[PDB]
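J.: please work out how this folds:
(chains A, B, C, D and E)
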Amino acid sequence: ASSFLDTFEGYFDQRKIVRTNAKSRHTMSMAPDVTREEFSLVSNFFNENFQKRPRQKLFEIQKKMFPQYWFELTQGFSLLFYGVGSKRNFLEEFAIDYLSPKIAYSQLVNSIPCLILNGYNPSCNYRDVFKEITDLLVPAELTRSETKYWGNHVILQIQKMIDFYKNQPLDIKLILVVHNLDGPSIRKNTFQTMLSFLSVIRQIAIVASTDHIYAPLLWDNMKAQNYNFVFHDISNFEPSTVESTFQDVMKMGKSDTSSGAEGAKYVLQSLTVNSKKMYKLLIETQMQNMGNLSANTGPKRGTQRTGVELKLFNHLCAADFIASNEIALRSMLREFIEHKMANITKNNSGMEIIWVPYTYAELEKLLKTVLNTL
Amino acid sequence: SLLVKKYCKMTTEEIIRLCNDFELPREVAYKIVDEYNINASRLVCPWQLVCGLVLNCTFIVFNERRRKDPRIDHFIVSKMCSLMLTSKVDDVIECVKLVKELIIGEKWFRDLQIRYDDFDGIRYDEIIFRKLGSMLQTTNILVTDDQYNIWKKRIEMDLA
Amino acid sequence: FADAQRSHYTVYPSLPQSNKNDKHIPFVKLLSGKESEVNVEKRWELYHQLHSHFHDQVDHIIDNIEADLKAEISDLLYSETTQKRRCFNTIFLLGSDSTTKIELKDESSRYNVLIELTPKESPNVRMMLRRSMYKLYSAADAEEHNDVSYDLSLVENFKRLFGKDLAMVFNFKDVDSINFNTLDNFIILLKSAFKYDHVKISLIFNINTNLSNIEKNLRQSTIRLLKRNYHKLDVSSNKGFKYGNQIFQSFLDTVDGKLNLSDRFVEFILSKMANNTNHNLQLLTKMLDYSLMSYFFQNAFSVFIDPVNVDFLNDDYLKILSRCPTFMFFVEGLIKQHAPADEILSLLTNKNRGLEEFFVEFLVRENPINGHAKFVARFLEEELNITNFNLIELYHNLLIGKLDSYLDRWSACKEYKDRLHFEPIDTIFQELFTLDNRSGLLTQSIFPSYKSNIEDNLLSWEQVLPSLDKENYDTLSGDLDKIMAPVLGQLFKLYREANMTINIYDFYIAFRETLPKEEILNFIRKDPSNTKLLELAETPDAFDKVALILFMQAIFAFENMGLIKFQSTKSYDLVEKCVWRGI
Amino acid sequence: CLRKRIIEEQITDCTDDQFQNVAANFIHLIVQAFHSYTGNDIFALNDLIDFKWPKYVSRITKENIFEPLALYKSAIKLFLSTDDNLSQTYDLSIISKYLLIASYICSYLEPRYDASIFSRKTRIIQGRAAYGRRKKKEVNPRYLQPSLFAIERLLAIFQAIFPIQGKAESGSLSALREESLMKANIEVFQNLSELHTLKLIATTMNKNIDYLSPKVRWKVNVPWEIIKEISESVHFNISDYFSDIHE
Amino acid sequence: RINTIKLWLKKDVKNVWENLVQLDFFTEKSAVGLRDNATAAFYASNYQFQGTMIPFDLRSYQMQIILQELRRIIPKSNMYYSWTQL
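T.: Numbers count the residues shown, from 1 in each chain, chains lettered A, B, ... in the order given. Structure data below:
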């Protein structure tokens, strides 16, 4: 077709005008209609059998790189892994099996806590991650002169934490492991600002990974200073079958990538029937409140106004015999809260509202495909 | 020179003749002929693809001889300018890079690099630690063990 | 509820009982397992005393770049006694990073409050004032040892409520990131505090880029207010090179007499430090550390820079140092000058004593370029009053021999170019104690061609996955592995040879013709255990369905890498390519 | 300033009625020069007096107090230019400096004509180059607001105009490995992101835009007078790219 | 066609340009000046408009007084009166 294939020469030469007769418009409906269960059947056979023996031998080669990375984490370098393929099974085998026992032995008993962080999850929140880090470090919380008139308490406590840890002994006491640092909810500027200032602290060791090809566009001179990555290419052509769970693969990637409701569809498939009857009751009651309050077909994502309050919800699931009391209700709610499939917050009157963060069209699709089959 | 000559047809007996003196084997010479027969209708200069395929294959088939002997990398481009009838070497290097773009993804050029173990100039065992970024990779600052092999043989016969 | 589907879970991993060893350092045994353990731990602690001696001085340097900058801004913030007394003294800090603290005077019978405003703290003009009036009322009760409305009426009631007059200082942090409608309206708001007879305002602008960009943004009547007294203070780590010359000289003091710097390394330092002009000194330190980390990790001869370990010398050390290219040039020089064979044979390995006695001679030379560069930099400083010079490219041109061809640009060293002349000499065995990048490790680890390493692994992929020959005829798919590419690598060359907008269905068929039809269906049948998978294989439609399943997880993997746009939502039939190789 | 000079110049032949008339005639002269610039302001005239009264006093001597026409010709260079303003304009990197130039090209040249201007390489395979613009447009698009471009067009025009790195050292062993044209390493994206935080490259305004998305387009916001100062620093002639479109 | 008239420079007309803005001869292009109530004026103060962030000479403005009205007010004895008609 084109004479040039790669340079700016190939960019300028392949972006030509195609004529209307020269366009061969074939709809993708002219294809074998593939069921979802045989999609998973053929994919799990090729991902577990096609090139294991090259990928296993490649993983034995780059396992000899592990003391060379550990020498870099003891010198204050954050450590970014790029390449083509899934880097997830590499990253949590290096950081849990190799890295964490060998820092602890070199500081002489228990291992270093290894907070790993799934950034391919589109529901990854930076305030919940920082809630986890202050449980592990237990920093001195922020005095009144330090909270500077609606200052950001997450950023202003890291800056107190840097000045504290500039005088502590140089010992790794946390390893935060960021899978897909350029993932959908973690590529935002408030998340990167958190993790850059948190990377200045030499007492915690950053081990991160990126999949997108324009990932270095995400760090300017100030963020690349605080990070000071050393970059490592680990191409291994792994399938990424866990990253292809929060995002529908039957639609080839036009599932909007930031919903999180497609990843919720995977969570419902292996639950209790009494935990699916509750969540079905929660969806159907909020679906009543979205069609009432909005008066609008178009996609608005469900928030606190459309949510059920908690004491009214306990009456709904006691008549349908899901929950016997308030505590057994709250014990099977929190498994949805930790996966952020349901949120609990209070309004301006004290009503404790429970609500599902998905749009109306994603809420009726989810109600029919997994929940209403019983 | 033949590099400036345009829209001239190349018989199979000539594109073999260009690589018969380089002593490229059967399977290297036939896939040069097959690659020419695809693009033969769409080339501006046919001799630029013919010299570019043969040079890219002679750096791969004879890479094992080229590591020990740095003389031959100057030999082949000096031999190439006289047979394409060009004056200086800059057009010959220019036609290597242009044909390297066209056959970098092809299946036979991959199997040519796996068999002769070249991987644009390296081994596999030496290029995978160069791509991983190992600090234990080889640095070309010392002479190699096989180049010190033939230096040690030569000097002892220059001793006595 | 798997942990793989959660976000941010915490592993408390299990550590084994005891691995029988005090081997818990990241250095490995070199010489392919011929190096002793006592050499590995010596090379570890000889690294840390050469690493810490470098960072004890760099931390001393960085503490001087702030103590100088606190004092240079404080000479200029105070004592400009204007006789008109109805304006503010403005301090433009050209190119300043906003990470400098400003200490104000104590200076009793006067309040000196410092009010710092970031562009995140400035969404609009009333939020600039309510934070500024909170920061002075909170910092005046801190020095005092009822509530006030936070507005500019606190400035007029300041003597009537605290008894001392005011001197407030504004420190705008990222003024290139603030919008200039708000900052213009806030300076005009502070202009209304010049009727109160007991206050003086002082603005400090941390302009990271330029003054010419700022005066095109502010309105013209504000610049006429800012010009009654302003002071431009150039604040940079890169001005006059005077702090980059101190960190690089601090590096050369640590490796004085024990490590050399190749000019291929020094001009790499010199080129990469010019590509980042705002943060040079952290990036100068990062490259000198990672090359120093690289040396002690890779050279078994790293233990031979203190003389107490020369009495250890072994046989595998003797087989590896003799391939140094200067050492062959020395034996070549003894061939060409002295005819007999025995003195050269006493140098070589057939004399077991002589070669290891030959290496103890050449370790103690000073190798005097490290002191001579410090000699030139001090002499060219105080004699000629020259400030604007790199010591880095002075050290680079000194390694080559182009010293006087570098000094002629100042045109005042013509009476001194003969006494400062120095031709370097190649010492023997200097390749074993040196810092160089001829392998390409620093421009792969610190400055990688990121996207070009992605498309090369996609397109080529033979440099990545091992092509193995014995083990494949045993396994389930090794008849398929020699004839079929990995699907991300197969789809990328169909991606690469295509135009900008491509139909998915035509891109599916063009993918499907590349695959072997008989051996995919032979591979899908070679597992006898899955009955559900063998039922798909009996269908006549088996290859057309396996090819689509295998296509559309790679067309999915190319989207979240960013290689493919789905043009024109509501249509979902054709895609646009984002990424070209080579760019 | 008027007080000090008259005793220190040793011309002590003056009264208050000359003191008042020398300052009054300056005000009538500072208005009659700069009324067309300020208008009917009071506060702009009050700034141009006190910015130009210390410079008007220091040019008086014995022949200048008594005759007003002689003093105006001895102070002519401060009644012609207002000067209400306070090496290179930016201290940007050498590849940040060519990445605003390529941003200014992508945002005012059209994408349709780029293959005719920047292409230089010989064709192994038959094909026709782009013909270029057939006729000039009389809008001069640099007057107009800059248009949006994609991130890959910027990186294509960046290496089209970036100077030759790794120059050929006349070696056949060295000429293959060189890759004389510059690829986008970690510094090109780090300097493009730094150029965005400095508000020199703009985007479409959405709260928490993602850099890493197909939909986000980019545009430059520097004027022509800044990118002209930038282009003369790196000896790049950006005016020839815009001379052929209308000027 | 014609003593001479001074042509003021690009840096000097900037002050003249900003006075015609603040005298309501030029308005910002699609501008909402004062809001109806207090909450709409508060919502607008937290939004950061585009014309603020684009450079000075690139802001699109519009026109309070059109040229056909501008010919009728300016007297016939001005030297600029011939340029109040295309």
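J.: so which residue is smack in the middle of the chain?
T.: No chain specified, so I'll use chain A. Centroid-nearest residue in chain A: residue A:121, 2.2 Å away (criterion: CA atoms, centre = their mean).
J.: wrong one, I was asking about chain B
T.: residue B:59 (2.2 Å).
J.: which residue packs closest to it, ignoring adjacent ones?
T.: Nearest residue to residue B:59, sequence neighbours excluded (CB to CB, 6 or more residues apart in numbering or on different chains): residue B:66, at 6.9 Å. Bear in mind the C-beta positions are built from the backbone N, C-alpha and C, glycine included.
J.: and the gap between that neighbour and residue D:172?
T.: Note on residue B:66: its distance to residue D:172, by CB to CB, to the nearest Å, is 12 Å.
J.: mutual contacts of the two, please.
T.: In terms of CB atoms under 8 Å, 6 or more residues apart in numbering or on different chains, residue B:66 and residue D:172 are both contacted by the residues residue B:73.
J.: ok so, going back, next up, the contacts around the residue nearest to the centre of chain A.
T.: A:183, A:185, A:246, A:260, A:263, C:5-7.
J.: which member of those is positioned nearest residue D:94?
T.: Nearest to residue D:94, judged by CB to CB, of the contacts of residue A:121 is residue A:183 at 33.3 Å.
J.: ok, how many other residues are close to the closest one?
T.: By the criterion of other CB atoms under 10 Å in any protein chain shown, residue A:183 has 26 neighbours.
J.: go on, residue A:19?
T.: 7.
J.: SS state for it?
T.: Judged by DSSP: H, G, I helix; E, B strand; the rest coil, the three-state class of residue A:19 is coil.
J.: give the contact list for residue C:101.
T.: With CB under 8 Å, 6+ apart, residue C:101 has these contacts: C:66, C:70.
J.: tell me the SS of it?
T.: With three-state DSSP as the criterion, residue C:101 reads coil.
J.: measure it to residue C:70 for me?
T.: Distance from residue C:101 to residue C:70, by CB to CB: 7 Å.
J.: again with residue E:38
T.: Distance, residue E:38 to residue C:70, using CB to CB: 45 Å.
J.: try residue C:506
T.: To residue C:70, residue C:506 is 67 Å away according to CB to CB.
J.: tell me which other helices or strands the strand or helix carrying residue C:59 touches.
T.: Using DSSP states H and E, residue C:59 sits in helix C:37-77. Applying 3 or more CB pairs under 8 Å, 6 or more residues apart in numbering or on different chains; DSSP states H and E, one finds that helix C:37-77 contacts strand C:89-94, strand C:201-205, strand C:230-234, helix C:244-254, helix C:281-298.
J.: now with 6 Å?
T.: Judged by 3 or more CB pairs under 6 Å, 6 or more residues apart in numbering or on different chains; DSSP states H and E, helix C:37-77 is in contact with helix C:244-254.
J.: report the strands that pair with the next helix or strand after the helix it packs on, each with its relative direction.
T.: Next in sequence after helix C:244-254, counting helices and strands by DSSP H and E, comes strand C:260-261. For strand C:260-261, the paired strands and their directions (DSSP bridges) read strand C:434-435 (parallel).
J.: who in chain B is up against chain D?
T.: For chain B, the contact set with chain D under CB under 6 Å from any CB of the partner chain comprises B:42, B:44, B:48, B:73, B:77, B:89, B:93, B:98.
J.: now the helices for chain E?
T.: E:13-22, E:38-46, E:50-53, E:67-73 (DSSP state H).
J.: burial of the closest residue to residue C:371 other than its chain neighbours, as a residue count?
T.: Excluding the flanking residues, the one nearest residue C:371 by CB to CB, 6+ apart is residue C:256, at 7.1 Å. Here the count is done by other CB under 10 Å, and residue C:256 has 15 residues near it.
J.: for residue C:256, give me phi and psi.
T.: phi -70, psi 120 (degrees, to the nearest 10).
J.: gap between stretch B:135-144 and the chain center?
T.: Put simply, stretch B:135-144 sits 24 Å off its chain's centre (CA atoms, centre = their mean, to the nearest Å).
J.: where along the chain do the strands fall?
T.: Defaulting to chain A. Secondary structure of chain A by DSSP state E: the strands cover A:78-82, A:114-118, A:174-179, A:204-209, A:229-233, A:308-309, A:343-346, A:352-355.
J.: please go with chain C instead
T.: According to DSSP E, the strands that chain C contains are C:9-11, C:89-94, C:111-117, C:166-172, C:201-205, C:230-234, C:260-261, C:434-435, C:501-503, C:564-565, C:574-577.
J.: tell me what the fifth one is packed against?
T.: Same thing as strand C:201-205. strand C:89-94, strand C:166-172.
J.: the residue found closest to residue C:365 once you drop the neighbours it is linked to in the chain: neighbour count?
T.: Among residues not flanking residue C:365 along the chain, residue C:427 sits closest, at 6.2 Å (CB to CB, 6+ apart). By other CB under 10 Å, the residues close to residue C:427 number 13.
J.: can you give me the helices in chain B?
T.: With DSSP H as the criterion, chain B has helices spanning B:12-20, B:26-39, B:46-61, B:63-68, B:71-83, B:90-102, B:107-115, B:124-132, B:145-159.
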